[PDB]
Amino acid sequence: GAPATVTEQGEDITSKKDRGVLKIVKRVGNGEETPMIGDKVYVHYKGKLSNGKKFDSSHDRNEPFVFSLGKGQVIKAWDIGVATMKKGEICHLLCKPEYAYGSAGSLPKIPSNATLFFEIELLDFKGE
Ligand SMILES: CCC(C)(C)C(=O)C(=O)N1CCCC[C@H]1C(=O)O[C@H](CCc1ccc(OC)c(OC)c1)c1cccc(OCC(=O)O)c1
């Protein structure tokens, strides 16, 4: 399924090149600009465990998710992944546990040692 496709085709966007965060650009966005540290970013996302089990979707709430980029306000794979995106881009991210919730998990929805899959659409971003 989609998580295995990221394993097979994803771009390694980690500084260490350890395959910890792999990315497929599903829809190329527009403009040259990517969001910068401290920007307010707006996304829609769907999250599942790598085995396909859904844990959350902002579409179900009709509620974009908003955060400040590059400040450790979200899991490492999101700060790394969203910084590579263009406005209007849709990507798939596969995140090894060390770039997600690691040993602690996010219990009960996310177990310890979980690889996570996210679909992310970068709706907008604005300087603080
Ligand atoms: C349980 C799964 C939830 C949390 C619902 C989920 O879908 C999810 O996994 N996320 C929500 C959308 C952004 C990615 C991801 C997320 O980062 O949520 C983070 C989880 C907490 C976290 C922050 C920083 C971290 O490292 C610097 C960190 O590492 C373990 C954990 C989160 C941020 C803000 C709000 C939030 O939940 C809603 C709330 O508390 O109101 C969850």
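About the criteria used
Residues numbered from 1 in each chain as written, not as in the entry; some residues may be left out. Heavy atoms only, no water. Residues with missing side-chain atoms left out of burial classes, pairs and counts. Helix = DSSP H or I, 4+ residues; strand = E, 2+ residues; numbered from the N terminus. Contact = heavy atoms within 4.5 Å. Near = heavy atom within 4 Å. Polar contact = N/O pair within 3.5 Å; in protein donor to acceptor, adjacent residues only side chain to side chain. Nonpolar A, V, L, I, M, F, W, Y, C, P; charged D, E, K, R; others polar. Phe/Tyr/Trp six-rings, centres within 6.5 Å; stacked < 30°, edge-to-face > 60°. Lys NZ or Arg CZ within 6 Å of the ring centre and 35° of its normal.

- By the method listed in its record, X-ray crystallography, this PDB entry was determined to a resolution of 1.5000 Å.

## Brief notes about the overall build of the protein chain
Piece 1. Each helix and strand in the protein chain was counted, giving 2 helices and 7 strands.
Piece 2. Beginning at the N terminus, the succession of helices and strands in the protein chain can be written as α-β-β-β-β-β-α-β-β.
Piece 3. Dimensions of the protein chain, computed from C-alpha atoms along their principal axes, come out at roughly 35 × 30 × 25 Å.
Piece 4. In the protein chain, of all internal contacts separated by at least 6 residues, the share reaching a separation of at least 24 is 64%.

## A short note on the environment of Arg19
Piece 1. Within the element layout of this structure, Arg19 appears in the loop between β1 (11-12) and β2 (21-27).
Piece 2. Along the primary structure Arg19 and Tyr42 are separated by 23 residues, whereas in three dimensions their C-alpha atoms are 26 Å apart.
Piece 3. When near neighbours in sequence (up to four residues on either side) are disregarded, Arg19 contacts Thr7, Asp12, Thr14 and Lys96.

## Digging into the site of the ligand
Piece 1. In the vicinity of the ligand lie 14 residues, with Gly72, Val74, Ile75, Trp78 and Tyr101 positioned nearest.
Piece 2. Within the backbone of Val74, a nitrogen or oxygen atom sits 3.4 Å from an oxygen atom of the ligand.
Piece 3. Within the backbone of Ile75, one N or O atom sits 2.9 Å away from an oxygen atom of the ligand.
Piece 4. Here the shell around the ligand is built from residues that sort into 10 nonpolar, 3 polar and 1 charged.

## Describing the environment of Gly127
Piece 1. Among the secondary structure elements, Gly127 is positioned in the segment after β7 (116-126).
Piece 2. Along the chain, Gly127 and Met36 lie 91 residues apart, while their C-alpha atoms are 7.9 Å from each other.

## Points about the packing of aromatic side chains
Piece 1. The tally for this structure, following the rule as stated, stands at 8 aromatic pairs.
Piece 2. Centroid distance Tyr45 to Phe65: 5.7 Å. Interplanar angle 85°. Geometry classified as edge-to-face. Residue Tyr45 is located in strand β3 (residues 40-49), and its partner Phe65 is located in strand β5 (residues 65-68); the two are separated by 20 residues in the primary sequence.
Piece 3. Members of the aromatic cluster, joined through ring pairs, are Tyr45, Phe55, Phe65, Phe67, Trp78 and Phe118.
Piece 4. Across the ring face of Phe125, the terminal group of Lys87 is positioned such that the distance to the ring centre comes to 5.6 Å.

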